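K.L.:
One structure, pasted below without further comment.
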Amino acid sequence: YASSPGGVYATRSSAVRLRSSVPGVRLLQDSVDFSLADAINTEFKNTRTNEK
Amino acid sequence: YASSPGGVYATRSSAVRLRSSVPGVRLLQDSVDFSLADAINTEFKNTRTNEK
Amino acid sequence: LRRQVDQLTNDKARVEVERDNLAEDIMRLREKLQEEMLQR
Amino acid sequence: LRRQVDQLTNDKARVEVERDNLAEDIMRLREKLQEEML
Amino acid sequence: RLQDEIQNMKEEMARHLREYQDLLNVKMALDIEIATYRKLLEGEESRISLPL
Amino acid sequence: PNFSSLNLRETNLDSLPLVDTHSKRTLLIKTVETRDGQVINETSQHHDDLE
Amino acid sequence: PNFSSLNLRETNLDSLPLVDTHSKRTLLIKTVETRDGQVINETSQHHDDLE
Amino acid sequence: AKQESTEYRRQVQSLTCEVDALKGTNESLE
Amino acid sequence: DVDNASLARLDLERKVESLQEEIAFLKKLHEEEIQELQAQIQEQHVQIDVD
Amino acid sequence: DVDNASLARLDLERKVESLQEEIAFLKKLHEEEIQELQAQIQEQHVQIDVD
């Protein structure tokens, strides 16, 4: 029943102030919570609940 | 009694990230298959089709 | 990965056409200065 | 995407600022070669 | 152009604040719908001598 | 059970045209026009051909 | 639906806008060292640095 | 509109130096 | 900065190619998300309601 | 062509940047459309003893 296995959270990293330019060729993320699909993973299983 | 620890520590490391002013980091963007997730979506259709 | 490979493509062929025009400037100011040096 | 939008927002403002500065800084290095040849 | 990228990241943070409170409204909906199915169930305990 | 309508897609096999190997042929014709040995022009024609 | 079968893979979507990864980036640093208006040295240093 | 305002800025800066040099040639004849 | 930016124009031909298959995985995700909504509608209701 | 080529980069990148914030916005609104479905499942509570 313990949260955060190993005591984990996103502790602040902050390094040497490297001024690289980065031209920023994006991976766009059409799964910025594709979430309608994971509510739908719960409904691919509510459809199983009604049939059952 | 199943006291078994199902939670394994997915071990993260982030030693202090030096001056990466070496530009030789080629891009690759290789993803996602994951055809096992579409096999699992087909097993959810099959499990519903068994439940029907 | 695309943005990292793209930034390395840009920094590479940047220096390819930078250099050849910068070799022309450094000749254009020299042509003048060398012909003036001959008279001088 | 915004990383490359911030890249022009350096690039454009830099080429405009470097144009109008180096105009005087290099024109005042041709004026002195005109002094040496006159 | 950095206020675009930063205030768009603060939009999506401000959206995730309201969407996490929508998930709390789905919880709190199930809390009251469980409670008001309990306000059915005194009458369904009455309805066959039955669910208390 | 008329399944294969799902078919957990078919977000696809994706032989898509997202290629640059397809190579980015950087034909850099650095035309150094010199007069007498001084550079007068550098017409660096970057033909930036994606094959 | 019996939900699945799956093709989600990057058959030529990977094979991305990755060129090698390397733009065939033939950085020809043609250093034309001119003095008094004459070429005194022409050091054409090729790099083929990855990109 | 910012890119057009940056191209006309190069045309301004080039044509300024060109007419400043023709003025500096007329002062040199003077 | 133009040789960088003109190679960067060829980067958008690769990034628009990559994002058009991302938007194809996101369209396949909407078709799986609609199948999952129809599964969830059947899954929440076959137990016969309150009784 | 620094300004033109990097602005031809940006005029497309700002369109995809705006469309990806609009996809995030349409998906934090589709959370409320699935909440009207979850509200139907919450209202089905409702009905009488079967047989």
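Order determines the names: the first chain of the structure tokens is A, the second B, and so forth; residues in each chain are numbered 1 upward, and ligands are numbered 1 upward as they are shown.
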Could you give me, as a PyMOL selection string, the residues within 7 Å of residue F:3, counting only C-alpha atoms and dropping anything in the same chain fewer than 6 positions from it?
P.N.:
(chain B and resi 45) or (chain G and resi 1-2)
K.L.:
Using the selection just defined, write its residues with N, CA and C atoms as a PDB file, in the first residue's frame.
P.N.:
```
ATOM      1  N   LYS B  45     -11.688  -7.581 -28.332  1.00  0.00           N
ATOM      2  CA  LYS B  45     -12.779  -7.936 -29.261  1.00  0.00           C
ATOM      3  C   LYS B  45     -13.138  -9.419 -29.169  1.00  0.00           C
TER       4      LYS B  45
ATOM      5  N   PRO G   1     -16.764  -5.340 -30.817  1.00  0.00           N
ATOM      6  CA  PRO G   1     -15.592  -5.995 -31.399  1.00  0.00           C
ATOM      7  C   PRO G   1     -14.779  -6.815 -30.388  1.00  0.00           C
ATOM      8  N   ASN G   2     -14.334  -7.997 -30.828  1.00  0.00           N
ATOM      9  CA  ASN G   2     -13.110  -8.598 -30.299  1.00  0.00           C
ATOM     10  C   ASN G   2     -11.912  -7.775 -30.801  1.00  0.00           C
TER      11      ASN G   2
END
```
K.L.:
I'd like the superposed chain I, fitted onto chain J by least squares over all Cα atoms in order, as a PDB file with N, CA, C and O atoms, in the first residue's frame.
P.N.:
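Result file is superposed25.pdb:
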```
ATOM      1  N   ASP I   1      12.533  30.652 -52.281  1.00  0.00           N
ATOM      2  CA  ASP I   1      11.977  29.465 -51.640  1.00  0.00           C
ATOM      3  C   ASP I   1      12.578  29.190 -50.238  1.00  0.00           C
ATOM      4  O   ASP I   1      11.835  28.714 -49.380  1.00  0.00           O
ATOM      5  N   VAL I   2      13.773  29.706 -49.889  1.00  0.00           N
ATOM      6  CA  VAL I   2      14.313  29.689 -48.502  1.00  0.00           C
ATOM      7  C   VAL I   2      13.795  30.844 -47.667  1.00  0.00           C
ATOM      8  O   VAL I   2      13.526  30.653 -46.485  1.00  0.00           O
ATOM      9  N   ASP I   3      13.578  32.014 -48.257  1.00  0.00           N
ATOM     10  CA  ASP I   3      12.999  33.157 -47.553  1.00  0.00           C
ATOM     11  C   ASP I   3      11.534  32.855 -47.190  1.00  0.00           C
ATOM     12  O   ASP I   3      11.188  32.834 -46.006  1.00  0.00           O
ATOM     13  N   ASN I   4      10.803  32.259 -48.142  1.00  0.00           N
ATOM     14  CA  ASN I   4       9.525  31.571 -47.936  1.00  0.00           C
ATOM     15  C   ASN I   4       9.612  30.478 -46.852  1.00  0.00           C
ATOM     16  O   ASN I   4       8.848  30.536 -45.894  1.00  0.00           O
ATOM     17  N   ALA I   5      10.586  29.564 -46.911  1.00  0.00           N
ATOM     18  CA  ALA I   5      10.720  28.466 -45.947  1.00  0.00           C
ATOM     19  C   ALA I   5      11.179  28.885 -44.535  1.00  0.00           C
ATOM     20  O   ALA I   5      10.863  28.209 -43.557  1.00  0.00           O
ATOM     21  N   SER I   6      11.918  29.985 -44.400  1.00  0.00           N
ATOM     22  CA  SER I   6      12.436  30.499 -43.123  1.00  0.00           C
ATOM     23  C   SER I   6      11.404  31.359 -42.401  1.00  0.00           C
ATOM     24  O   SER I   6      11.190  31.181 -41.202  1.00  0.00           O
ATOM     25  N   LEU I   7      10.591  32.091 -43.164  1.00  0.00           N
ATOM     26  CA  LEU I   7       9.313  32.619 -42.689  1.00  0.00           C
ATOM     27  C   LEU I   7       8.337  31.475 -42.362  1.00  0.00           C
ATOM     28  O   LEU I   7       7.813  31.448 -41.248  1.00  0.00           O
ATOM     29  N   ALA I   8       8.388  30.382 -43.132  1.00  0.00           N
ATOM     30  CA  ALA I   8       7.636  29.175 -42.821  1.00  0.00           C
ATOM     31  C   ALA I   8       8.092  28.469 -41.537  1.00  0.00           C
ATOM     32  O   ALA I   8       7.224  28.027 -40.793  1.00  0.00           O
ATOM     33  N   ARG I   9       9.376  28.541 -41.145  1.00  0.00           N
ATOM     34  CA  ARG I   9       9.848  28.095 -39.817  1.00  0.00           C
ATOM     35  C   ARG I   9       9.208  28.878 -38.667  1.00  0.00           C
ATOM     36  O   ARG I   9       8.672  28.259 -37.750  1.00  0.00           O
ATOM     37  N   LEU I  10       9.079  30.196 -38.815  1.00  0.00           N
ATOM     38  CA  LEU I  10       8.328  31.041 -37.876  1.00  0.00           C
ATOM     39  C   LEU I  10       6.820  30.742 -37.909  1.00  0.00           C
ATOM     40  O   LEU I  10       6.126  30.971 -36.915  1.00  0.00           O
ATOM     41  N   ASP I  11       6.275  30.248 -39.027  1.00  0.00           N
ATOM     42  CA  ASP I  11       4.897  29.749 -39.064  1.00  0.00           C
ATOM     43  C   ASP I  11       4.689  28.547 -38.145  1.00  0.00           C
ATOM     44  O   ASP I  11       3.610  28.430 -37.570  1.00  0.00           O
ATOM     45  N   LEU I  12       5.654  27.627 -38.020  1.00  0.00           N
ATOM     46  CA  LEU I  12       5.489  26.482 -37.114  1.00  0.00           C
ATOM     47  C   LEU I  12       5.575  26.884 -35.659  1.00  0.00           C
ATOM     48  O   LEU I  12       4.842  26.318 -34.870  1.00  0.00           O
ATOM     49  N   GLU I  13       6.322  27.924 -35.308  1.00  0.00           N
ATOM     50  CA  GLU I  13       6.311  28.443 -33.938  1.00  0.00           C
ATOM     51  C   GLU I  13       4.901  28.952 -33.558  1.00  0.00           C
ATOM     52  O   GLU I  13       4.329  28.465 -32.582  1.00  0.00           O
ATOM     53  N   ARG I  14       4.202  29.596 -34.509  1.00  0.00           N
ATOM     54  CA  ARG I  14       2.776  29.979 -34.391  1.00  0.00           C
ATOM     55  C   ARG I  14       1.790  28.806 -34.489  1.00  0.00           C
ATOM     56  O   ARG I  14       0.733  28.835 -33.858  1.00  0.00           O
ATOM     57  N   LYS I  15       2.024  27.833 -35.379  1.00  0.00           N
ATOM     58  CA  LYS I  15       1.137  26.667 -35.562  1.00  0.00           C
ATOM     59  C   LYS I  15       1.268  25.668 -34.415  1.00  0.00           C
ATOM     60  O   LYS I  15       0.250  25.173 -33.972  1.00  0.00           O
ATOM     61  N   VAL I  16       2.463  25.459 -33.863  1.00  0.00           N
ATOM     62  CA  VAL I  16       2.720  24.641 -32.665  1.00  0.00           C
ATOM     63  C   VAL I  16       2.128  25.297 -31.418  1.00  0.00           C
ATOM     64  O   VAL I  16       1.495  24.597 -30.639  1.00  0.00           O
ATOM     65  N   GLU I  17       2.178  26.627 -31.308  1.00  0.00           N
ATOM     66  CA  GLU I  17       1.435  27.394 -30.296  1.00  0.00           C
ATOM     67  C   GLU I  17      -0.089  27.186 -30.422  1.00  0.00           C
ATOM     68  O   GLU I  17      -0.722  26.709 -29.481  1.00  0.00           O
ATOM     69  N   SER I  18      -0.633  27.324 -31.639  1.00  0.00           N
ATOM     70  CA  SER I  18      -2.069  27.133 -31.920  1.00  0.00           C
ATOM     71  C   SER I  18      -2.537  25.685 -31.652  1.00  0.00           C
ATOM     72  O   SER I  18      -3.459  25.462 -30.870  1.00  0.00           O
ATOM     73  N   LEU I  19      -1.786  24.689 -32.134  1.00  0.00           N
ATOM     74  CA  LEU I  19      -2.044  23.256 -31.939  1.00  0.00           C
ATOM     75  C   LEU I  19      -1.838  22.805 -30.482  1.00  0.00           C
ATOM     76  O   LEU I  19      -2.441  21.823 -30.064  1.00  0.00           O
ATOM     77  N   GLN I  20      -1.021  23.489 -29.676  1.00  0.00           N
ATOM     78  CA  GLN I  20      -0.905  23.170 -28.248  1.00  0.00           C
ATOM     79  C   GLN I  20      -2.133  23.611 -27.437  1.00  0.00           C
ATOM     80  O   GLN I  20      -2.535  22.864 -26.541  1.00  0.00           O
ATOM     81  N   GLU I  21      -2.816  24.697 -27.824  1.00  0.00           N
ATOM     82  CA  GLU I  21      -4.142  25.032 -27.280  1.00  0.00           C
ATOM     83  C   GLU I  21      -5.294  24.244 -27.925  1.00  0.00           C
ATOM     84  O   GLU I  21      -6.164  23.799 -27.180  1.00  0.00           O
ATOM     85  N   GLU I  22      -5.194  23.805 -29.188  1.00  0.00           N
ATOM     86  CA  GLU I  22      -6.123  22.804 -29.754  1.00  0.00           C
ATOM     87  C   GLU I  22      -6.048  21.476 -28.983  1.00  0.00           C
ATOM     88  O   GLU I  22      -7.033  21.056 -28.380  1.00  0.00           O
ATOM     89  N   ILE I  23      -4.835  20.978 -28.722  1.00  0.00           N
ATOM     90  CA  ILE I  23      -4.610  19.802 -27.874  1.00  0.00           C
ATOM     91  C   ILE I  23      -4.990  20.062 -26.400  1.00  0.00           C
ATOM     92  O   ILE I  23      -5.316  19.113 -25.679  1.00  0.00           O
ATOM     93  N   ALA I  24      -5.056  21.314 -25.935  1.00  0.00           N
ATOM     94  CA  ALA I  24      -5.640  21.657 -24.636  1.00  0.00           C
ATOM     95  C   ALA I  24      -7.182  21.650 -24.652  1.00  0.00           C
ATOM     96  O   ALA I  24      -7.774  21.121 -23.710  1.00  0.00           O
ATOM     97  N   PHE I  25      -7.845  22.121 -25.715  1.00  0.00           N
ATOM     98  CA  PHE I  25      -9.286  21.936 -25.940  1.00  0.00           C
ATOM     99  C   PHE I  25      -9.667  20.466 -26.126  1.00  0.00           C
ATOM    100  O   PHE I  25     -10.579  20.014 -25.434  1.00  0.00           O
ATOM    101  N   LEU I  26      -8.811  19.665 -26.759  1.00  0.00           N
ATOM    102  CA  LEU I  26      -8.991  18.224 -26.899  1.00  0.00           C
ATOM    103  C   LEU I  26      -8.764  17.465 -25.577  1.00  0.00           C
ATOM    104  O   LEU I  26      -9.430  16.462 -25.317  1.00  0.00           O
ATOM    105  N   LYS I  27      -7.874  17.939 -24.693  1.00  0.00           N
ATOM    106  CA  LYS I  27      -7.719  17.394 -23.326  1.00  0.00           C
ATOM    107  C   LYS I  27      -8.907  17.733 -22.422  1.00  0.00           C
ATOM    108  O   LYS I  27      -9.549  16.789 -21.967  1.00  0.00           O
ATOM    109  N   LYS I  28      -9.379  18.985 -22.465  1.00  0.00           N
ATOM    110  CA  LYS I  28     -10.633  19.420 -21.822  1.00  0.00           C
ATOM    111  C   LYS I  28     -11.830  18.631 -22.362  1.00  0.00           C
ATOM    112  O   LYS I  28     -12.609  18.089 -21.590  1.00  0.00           O
ATOM    113  N   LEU I  29     -11.854  18.343 -23.665  1.00  0.00           N
ATOM    114  CA  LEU I  29     -12.848  17.475 -24.293  1.00  0.00           C
ATOM    115  C   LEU I  29     -12.799  16.045 -23.750  1.00  0.00           C
ATOM    116  O   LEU I  29     -13.859  15.504 -23.478  1.00  0.00           O
ATOM    117  N   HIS I  30     -11.623  15.470 -23.475  1.00  0.00           N
ATOM    118  CA  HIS I  30     -11.521  14.145 -22.831  1.00  0.00           C
ATOM    119  C   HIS I  30     -12.012  14.159 -21.377  1.00  0.00           C
ATOM    120  O   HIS I  30     -12.576  13.172 -20.923  1.00  0.00           O
ATOM    121  N   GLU I  31     -11.805  15.250 -20.647  1.00  0.00           N
ATOM    122  CA  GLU I  31     -12.267  15.403 -19.260  1.00  0.00           C
ATOM    123  C   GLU I  31     -13.796  15.593 -19.182  1.00  0.00           C
ATOM    124  O   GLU I  31     -14.462  14.916 -18.398  1.00  0.00           O
ATOM    125  N   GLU I  32     -14.388  16.308 -20.143  1.00  0.00           N
ATOM    126  CA  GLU I  32     -15.846  16.391 -20.346  1.00  0.00           C
ATOM    127  C   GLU I  32     -16.448  15.071 -20.872  1.00  0.00           C
ATOM    128  O   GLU I  32     -17.487  14.636 -20.391  1.00  0.00           O
ATOM    129  N   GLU I  33     -15.744  14.361 -21.755  1.00  0.00           N
ATOM    130  CA  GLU I  33     -16.095  13.035 -22.294  1.00  0.00           C
ATOM    131  C   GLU I  33     -16.064  11.936 -21.214  1.00  0.00           C
ATOM    132  O   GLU I  33     -16.953  11.091 -21.179  1.00  0.00           O
ATOM    133  N   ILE I  34     -15.165  12.028 -20.227  1.00  0.00           N
ATOM    134  CA  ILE I  34     -15.150  11.141 -19.049  1.00  0.00           C
ATOM    135  C   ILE I  34     -16.281  11.474 -18.063  1.00  0.00           C
ATOM    136  O   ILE I  34     -16.906  10.556 -17.529  1.00  0.00           O
ATOM    137  N   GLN I  35     -16.591  12.757 -17.847  1.00  0.00           N
ATOM    138  CA  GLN I  35     -17.761  13.158 -17.050  1.00  0.00           C
ATOM    139  C   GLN I  35     -19.076  12.715 -17.707  1.00  0.00           C
ATOM    140  O   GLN I  35     -19.926  12.138 -17.033  1.00  0.00           O
ATOM    141  N   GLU I  36     -19.172  12.818 -19.035  1.00  0.00           N
ATOM    142  CA  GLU I  36     -20.317  12.350 -19.816  1.00  0.00           C
ATOM    143  C   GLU I  36     -20.469  10.821 -19.803  1.00  0.00           C
ATOM    144  O   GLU I  36     -21.562  10.359 -19.497  1.00  0.00           O
ATOM    145  N   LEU I  37     -19.375  10.049 -19.841  1.00  0.00           N
ATOM    146  CA  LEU I  37     -19.427   8.591 -19.637  1.00  0.00           C
ATOM    147  C   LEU I  37     -19.962   8.220 -18.241  1.00  0.00           C
ATOM    148  O   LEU I  37     -20.781   7.312 -18.109  1.00  0.00           O
ATOM    149  N   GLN I  38     -19.555   8.936 -17.186  1.00  0.00           N
ATOM    150  CA  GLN I  38     -20.086   8.713 -15.831  1.00  0.00           C
ATOM    151  C   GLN I  38     -21.545   9.168 -15.669  1.00  0.00           C
ATOM    152  O   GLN I  38     -22.284   8.550 -14.897  1.00  0.00           O
ATOM    153  N   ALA I  39     -21.977  10.193 -16.407  1.00  0.00           N
ATOM    154  CA  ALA I  39     -23.375  10.607 -16.489  1.00  0.00           C
ATOM    155  C   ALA I  39     -24.228   9.561 -17.229  1.00  0.00           C
ATOM    156  O   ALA I  39     -25.130   9.002 -16.614  1.00  0.00           O
ATOM    157  N   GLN I  40     -23.764   9.073 -18.384  1.00  0.00           N
ATOM    158  CA  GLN I  40     -24.393   8.017 -19.189  1.00  0.00           C
ATOM    159  C   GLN I  40     -24.536   6.691 -18.424  1.00  0.00           C
ATOM    160  O   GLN I  40     -25.647   6.167 -18.337  1.00  0.00           O
ATOM    161  N   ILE I  41     -23.526   6.291 -17.637  1.00  0.00           N
ATOM    162  CA  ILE I  41     -23.591   5.106 -16.757  1.00  0.00           C
ATOM    163  C   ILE I  41     -24.668   5.239 -15.662  1.00  0.00           C
ATOM    164  O   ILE I  41     -25.361   4.260 -15.370  1.00  0.00           O
ATOM    165  N   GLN I  42     -24.836   6.425 -15.066  1.00  0.00           N
ATOM    166  CA  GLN I  42     -25.903   6.697 -14.089  1.00  0.00           C
ATOM    167  C   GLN I  42     -27.277   6.874 -14.756  1.00  0.00           C
ATOM    168  O   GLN I  42     -28.305   6.495 -14.193  1.00  0.00           O
ATOM    169  N   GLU I  43     -27.300   7.418 -15.970  1.00  0.00           N
ATOM    170  CA  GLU I  43     -28.497   7.742 -16.738  1.00  0.00           C
ATOM    171  C   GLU I  43     -29.163   6.503 -17.335  1.00  0.00           C
ATOM    172  O   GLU I  43     -30.362   6.309 -17.150  1.00  0.00           O
ATOM    173  N   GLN I  44     -28.386   5.552 -17.847  1.00  0.00           N
ATOM    174  CA  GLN I  44     -28.901   4.269 -18.328  1.00  0.00           C
ATOM    175  C   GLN I  44     -29.400   3.339 -17.206  1.00  0.00           C
ATOM    176  O   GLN I  44     -30.239   2.483 -17.484  1.00  0.00           O
ATOM    177  N   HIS I  45     -28.956   3.517 -15.948  1.00  0.00           N
ATOM    178  CA  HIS I  45     -29.289   2.611 -14.834  1.00  0.00           C
ATOM    179  C   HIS I  45     -29.619   3.333 -13.515  1.00  0.00           C
ATOM    180  O   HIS I  45     -28.885   3.214 -12.533  1.00  0.00           O
ATOM    181  N   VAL I  46     -30.909   3.642 -13.374  1.00  0.00           N
ATOM    182  CA  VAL I  46     -31.608   3.826 -12.077  1.00  0.00           C
ATOM    183  C   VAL I  46     -33.080   3.379 -12.117  1.00  0.00           C
ATOM    184  O   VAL I  46     -33.635   3.025 -11.082  1.00  0.00           O
ATOM    185  N   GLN I  47     -33.619   3.129 -13.313  1.00  0.00           N
ATOM    186  CA  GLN I  47     -34.950   2.576 -13.597  1.00  0.00           C
ATOM    187  C   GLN I  47     -35.227   1.153 -13.074  1.00  0.00           C
ATOM    188  O   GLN I  47     -36.361   0.692 -13.154  1.00  0.00           O
ATOM    189  N   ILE I  48     -34.215   0.452 -12.565  1.00  0.00           N
ATOM    190  CA  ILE I  48     -34.308  -0.929 -12.075  1.00  0.00           C
ATOM    191  C   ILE I  48     -34.636  -1.956 -13.187  1.00  0.00           C
ATOM    192  O   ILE I  48     -35.564  -2.752 -13.077  1.00  0.00           O
ATOM    193  N   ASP I  49     -33.758  -1.997 -14.198  1.00  0.00           N
ATOM    194  CA  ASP I  49     -33.461  -3.198 -15.003  1.00  0.00           C
ATOM    195  C   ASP I  49     -34.664  -3.776 -15.803  1.00  0.00           C
ATOM    196  O   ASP I  49     -35.487  -3.010 -16.315  1.00  0.00           O
ATOM    197  N   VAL I  50     -34.658  -5.081 -16.135  1.00  0.00           N
ATOM    198  CA  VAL I  50     -35.885  -5.820 -16.504  1.00  0.00           C
ATOM    199  C   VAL I  50     -36.589  -6.278 -15.233  1.00  0.00           C
ATOM    200  O   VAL I  50     -35.943  -6.801 -14.331  1.00  0.00           O
ATOM    201  N   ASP I  51     -37.918  -6.345 -15.270  1.00  0.00           N
ATOM    202  CA  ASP I  51     -38.691  -6.714 -14.084  1.00  0.00           C
ATOM    203  C   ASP I  51     -39.822  -7.740 -14.402  1.00  0.00           C
ATOM    204  O   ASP I  51     -41.016  -7.502 -14.309  1.00  0.00           O
TER     205      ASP I  51
END
```
K.L.:
Determine the nearest neighbour of chain A from the options G:38, G:15, G:4, G:23, counting only C-alpha atoms.
P.N.:
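Smallest separation from chain A among the options: G:4.
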K.L.:
For the full set of C-alpha atoms taken in order, report to one decimal the RMSD after fitting chain B onto chain A.
P.N.:
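Across the paired C-alpha atoms, the RMSD reaches 5.6 Å.
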K.L.:
Please tabulate, as a tab-separated table, the residues of chain A that come within 12 Å of chain G, each with its closest pair of atoms and the distance in Å to one decimal, counting only C-alpha atoms and ordering rows by chain, then residue number upward.
P.N.:
```
residue	atom	partner	partner_atom	distance
A:25	CA	G:17	CA	10.0
A:26	CA	G:17	CA	11.5
A:27	CA	G:16	CA	11.0
A:40	CA	G:3	CA	11.2
A:41	CA	G:3	CA	9.9
A:43	CA	G:3	CA	11.1
A:44	CA	G:3	CA	7.3
A:45	CA	G:3	CA	9.9
A:47	CA	G:1	CA	8.8
A:48	CA	G:1	CA	9.4
A:51	CA	G:1	CA	11.2
```
K.L.:
Could you take the residues named above and write them with C-alpha atoms, as a short mmCIF file (atom, residue, chain, number, x, y, z; two decimals), in the first residue's frame?
P.N.:
```
data_model
loop_
_atom_site.label_atom_id
_atom_site.label_comp_id
_atom_site.auth_asym_id
_atom_site.auth_seq_id
_atom_site.Cartn_x
_atom_site.Cartn_y
_atom_site.Cartn_z
CA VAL A 25 12.57 19.60 -35.01
CA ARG A 26 9.38 18.56 -33.16
CA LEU A 27 8.05 15.18 -32.63
CA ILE A 40 -12.33 3.99 -24.65
CA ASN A 41 -10.00 1.23 -23.19
CA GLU A 43 -15.36 1.24 -22.76
CA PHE A 44 -13.71 -1.68 -24.75
CA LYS A 45 -14.40 -3.31 -21.33
CA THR A 47 -18.86 -3.18 -23.74
CA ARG A 48 -17.52 -6.46 -22.20
CA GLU A 51 -22.38 -8.33 -22.79
#
```
K.L.:
Pairing every C-alpha atom in order, fit chain G onto chain F and give me the RMSD in Å.
P.N.:
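Result: 4.6 Å C-alpha RMSD.
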K.L.:
What's around stretch 21-34 of chain C at 8 Å? Count only C-alpha atoms, leave out sequence neighbours fewer than 6 positions away in its own chain, and write the answer as a PyMOL selection string.
P.N.:
(chain F and resi 30+32-44) or (chain G and resi 30-39)
K.L.:
List the neighbours of residue G:9 out to 8 Å using only C-alpha atoms; skip same-chain residues closer than 5 positions along the sequence, and give me the result as an NGL selection string.
P.N.:
(:B and (31-35)) or (:F and (12-14))
K.L.:
With only C-alpha atoms as the counted atoms, please give the residues lying no more than 8 Å from stretch 6-19 of chain B, apart from itself and same-chain residues fewer than 4 positions off, as a ChimeraX atom specification.
P.N.:
/A:5-6,15-16,18
K.L.:
Rounded to one decimal place, report the atom CA of residue F:27-atom CA of residue C:19 distance in Å.
P.N.:
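These two atoms are separated by 14.6 Å.
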K.L.:
Please identify the alpha helix (DSSP H) residues within chain A (assignment by DSSP from backbone atoms) and present them as a list in words.
P.N.:
residues 36, 37, 38, 39, 40, 41, 42, 43, 46, 47, 48, 49, 50 and 51 of chain A
K.L.:
Just N, CA and C atoms for this one: save the residues we selected as an mmCIF file, in the first residue's frame.
P.N.:
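So the final result, stored in selection23.cif, reads:
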```
data_model
loop_
_atom_site.group_PDB
_atom_site.id
_atom_site.type_symbol
_atom_site.label_atom_id
_atom_site.label_comp_id
_atom_site.auth_asym_id
_atom_site.auth_seq_id
_atom_site.Cartn_x
_atom_site.Cartn_y
_atom_site.Cartn_z
ATOM 1 N N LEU A 36 -9.111 9.910 -24.688
ATOM 2 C CA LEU A 36 -10.358 9.464 -25.287
ATOM 3 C C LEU A 36 -10.276 7.969 -25.655
ATOM 4 N N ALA A 37 -9.131 7.511 -26.165
ATOM 5 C CA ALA A 37 -8.710 6.125 -26.342
ATOM 6 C C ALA A 37 -8.554 5.287 -25.049
ATOM 7 N N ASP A 38 -8.327 5.875 -23.864
ATOM 8 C CA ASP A 38 -8.128 5.140 -22.591
ATOM 9 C C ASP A 38 -9.370 5.124 -21.674
ATOM 10 N N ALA A 39 -10.199 6.165 -21.775
ATOM 11 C CA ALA A 39 -11.623 6.086 -21.482
ATOM 12 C C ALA A 39 -12.302 5.060 -22.409
ATOM 13 N N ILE A 40 -11.938 5.038 -23.695
ATOM 14 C CA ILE A 40 -12.325 3.990 -24.648
ATOM 15 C C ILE A 40 -11.661 2.631 -24.352
ATOM 16 N N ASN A 41 -10.488 2.524 -23.715
ATOM 17 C CA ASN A 41 -9.995 1.231 -23.190
ATOM 18 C C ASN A 41 -10.853 0.732 -22.017
ATOM 19 N N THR A 42 -11.423 1.659 -21.245
ATOM 20 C CA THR A 42 -12.427 1.359 -20.220
ATOM 21 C C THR A 42 -13.808 1.047 -20.819
ATOM 22 N N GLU A 43 -14.123 1.554 -22.017
ATOM 23 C CA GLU A 43 -15.358 1.239 -22.761
ATOM 24 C C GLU A 43 -15.265 0.037 -23.728
ATOM 25 N N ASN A 46 -16.323 -1.864 -20.697
ATOM 26 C CA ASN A 46 -17.744 -1.639 -20.398
ATOM 27 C C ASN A 46 -18.667 -2.319 -21.422
ATOM 28 N N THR A 47 -18.277 -2.304 -22.703
ATOM 29 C CA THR A 47 -18.857 -3.177 -23.742
ATOM 30 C C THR A 47 -18.738 -4.659 -23.384
ATOM 31 N N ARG A 48 -17.642 -5.095 -22.749
ATOM 32 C CA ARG A 48 -17.516 -6.458 -22.195
ATOM 33 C C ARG A 48 -18.346 -6.690 -20.932
ATOM 34 N N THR A 49 -18.542 -5.655 -20.124
ATOM 35 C CA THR A 49 -19.332 -5.706 -18.888
ATOM 36 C C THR A 49 -20.823 -5.839 -19.187
ATOM 37 N N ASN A 50 -21.359 -5.096 -20.160
ATOM 38 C CA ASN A 50 -22.765 -5.190 -20.566
ATOM 39 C C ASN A 50 -23.098 -6.533 -21.235
ATOM 40 N N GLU A 51 -22.250 -6.997 -22.159
ATOM 41 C CA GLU A 51 -22.379 -8.327 -22.788
ATOM 42 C C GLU A 51 -22.286 -9.462 -21.750
#
```
K.L.:
Could you state the separation of atom CA of residue G:29 and atom CA of residue C:12 in Å, given to one decimal place?
P.N.:
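One can read the atom CA of residue G:29 to atom CA of residue C:12 distance as 11.0 Å.
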